[PDB]
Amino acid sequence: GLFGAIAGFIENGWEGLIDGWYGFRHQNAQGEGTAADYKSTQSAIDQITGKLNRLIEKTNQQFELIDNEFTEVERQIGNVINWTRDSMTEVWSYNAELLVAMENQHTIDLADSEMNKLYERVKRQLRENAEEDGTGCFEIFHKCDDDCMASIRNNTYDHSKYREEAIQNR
């Protein structure tokens, strides 16, 4: 919600995109196609895995009984131990719920951001040969074939190669 792409100006997601997180769907003269973007997907996944590795962490710290379940310790020190234990339980529960809320906020935004980074890179690619319609599409102002699409994807599309035509259509 922070970068305004996912659930923003893109209307929704593609349940039929099984092979990645972010992708291209095109329409042109030859037909219609759907193929995912690897580098932006890998980028997000890599950050989420980075999180997990930090959190699915093992504390190497050993604690011992100060306590006795079978014969009860003298009551006074008993009650101090409990009050402390309960005190730590309050801290850790607060910590846990905070860390998780904050991480999630960040993960969600992380994802919004990558989408919006993909978009803006393509927009940059196409220079003056297309237009932002405003639902996460680029209306191309020149006939562009299925090898023209695959040149956009893997970032090779040479703009001035069709520049004159499209600028004329505009």
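Residues carry their position along the shown sequence, with the first being 1.
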property	result
Segment of higher mean CA temperature factor, 126-134 or 50-58	126-134
151-159 versus 5-13 - which carries the larger mean C-alpha B factor in the record	151-159
Member of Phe141, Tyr119, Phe63, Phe70 with the greatest C-alpha B factor (per the PDB record)	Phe141
Identity of residue with top Cα B-factor, from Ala111, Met102, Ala35, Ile45	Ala35
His26 - Cα temperature factor, lowest/middle/highest third of chain	highest
